[PDB]
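Presented below, as C-alpha cells, is a lone chain in the form deposited in one PDB entry.
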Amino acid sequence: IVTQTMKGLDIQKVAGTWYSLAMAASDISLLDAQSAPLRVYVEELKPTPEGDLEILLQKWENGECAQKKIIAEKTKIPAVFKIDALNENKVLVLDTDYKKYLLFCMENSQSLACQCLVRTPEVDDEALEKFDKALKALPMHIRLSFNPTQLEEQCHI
C-alpha cells in the first residue's frame, strides 16, 4: 500500500534514541486498546554493520509495560526491512533528516500502522505536518499523539 520511500537512506545514521510522537493505523483495533497489537513505543534503533536494524521498544502486554527487542532484516531496497517474526511484516522508511524526525510505516500481507519519530521529547509541529501529509491518502482510521510529559514515561502513561 505505501509508495513513499526515502531515496538515499543511510540506515547507519538512524542509530540511537527516538520517541514515538504520533502514530496512526488503517484499522482502529490496531491501536485502540492499550495492549493493541501495533501500539508500540520506539526506544532506540541499533543498525548492525551488515545493515539490519535492531529495534528496542516498549509495548503494554498482560497489564504492564514490557520491553521488546526486534530485528528487522535488510532487503534489496534500502528503505524496506522485513521483521524476523510470524508473517514477515515490512518496515518502510518514508522520510528522515536523521537529526530531528523519521517517518516509517509497517504493513502485513491489508493492515498498516505508521509513526512520526523524533529525537527529543518535544512536539515538532513541522515533523507532524510531514507525517500528516504522508498519511493524507493512506486509509488511516485512528491517530494518536503524545505530549512531552507522556513521551518521558514508560508506555507513554
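For every residue, the number given is its place in the sequence shown, counted from 1. The term rigid core refers to the most C-alpha atoms you can superpose between the two forms while keeping them within 1.5 Å.
There is another form of the same protein, the form deposited in another entry; it is not shown, and what comes next is about it.
After superposition on the rigid core, the C-alpha displacement between the shown form and the other one reaches 2 Å or more for just one residue among 88, 44, 132, 64, namely 88. After superposing the rigid core, the C-alpha of residue 122 moves by less than 2 Å between the shown form and the other one. Taking 2 Å as the criterion, residue 34 counts as shifted between the shown form and the other one: its C-alpha moves by at least this amount when the rigid core is aligned. In the other form, the separation between the C-alpha atoms of residue 65 and residue 87 shrinks by 3 Å or more relative to the displayed form.
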